[PDB]
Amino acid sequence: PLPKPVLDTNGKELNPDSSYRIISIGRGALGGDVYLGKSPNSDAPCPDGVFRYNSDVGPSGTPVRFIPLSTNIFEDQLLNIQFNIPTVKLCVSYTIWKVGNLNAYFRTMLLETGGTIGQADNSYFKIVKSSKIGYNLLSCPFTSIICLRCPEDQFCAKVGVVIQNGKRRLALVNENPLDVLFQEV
């Protein structure tokens, strides 16, 4: 059952101290890197939404880092994902990835910032290798609650995209999970 490290674009294992852009290998329209953005009509003082660009010719994605629970980043393990940007203090809260409350309109939960690090709230994610090529993010929210007969009593869902206000919003999906790669800086 030996823990396998997640790996970057260069093949080198993922490192807590490093920074990575979460990139697609999608060509053209199918490409687009993950970035921090303002949410459609957000009350939030900072940008709090989690998006990807629309085409590969879009700007480079926002860097993020990974904070595991141990000292290493393995596949299939709870961890936190935090945009790594310099910032004004009000905003430092709003870099940590989080899964939002059920959005009735979309019938699922969107990814946003202002999560917390090291706690069993909405801020937990997993990395897993894609059924195709590259990696998939899962959200395992509510690990503080027993998921009856679920694997390890946890509820997890694959992360995908929904189109909110014509952008690409990262949300929980059931199929077509976002395939990603991690490209060190």
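In this text, residue numbers run from 1 along the sequence as written.
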Original post:
Out of 149-157 and 47-55, which one has CA B-factors that are higher on average in the deposited record?
Top reply: 47-55
Original post:
Where do the C-alpha atoms have the higher mean temperature factor in this entry, in 76-84 or in 89-97?
Top reply: 89-97
**OP:** Tell me, please, which of 134, 141, 37, 68 has the highest C-alpha B factor according to the deposited entry?
**Re:** 37
**OP:** Would you please rank residue 180 by its C-alpha temperature factor against the other modelled residues of its chain and give the third it falls in: lowest, middle or highest?
**Re:** lowest
Original post:
Ranked by Cα temperature factor within the chain, is residue 29 in the lowest third, the middle third or the highest third?
Top reply: highest
Subject >> Chain third (lowest, middle, highest) by recorded CA B-factor, residue given as residue 18 >> reply: highest
Subject >> For residue 165, the third of its chain into which the C-alpha B factor falls >> reply: highest
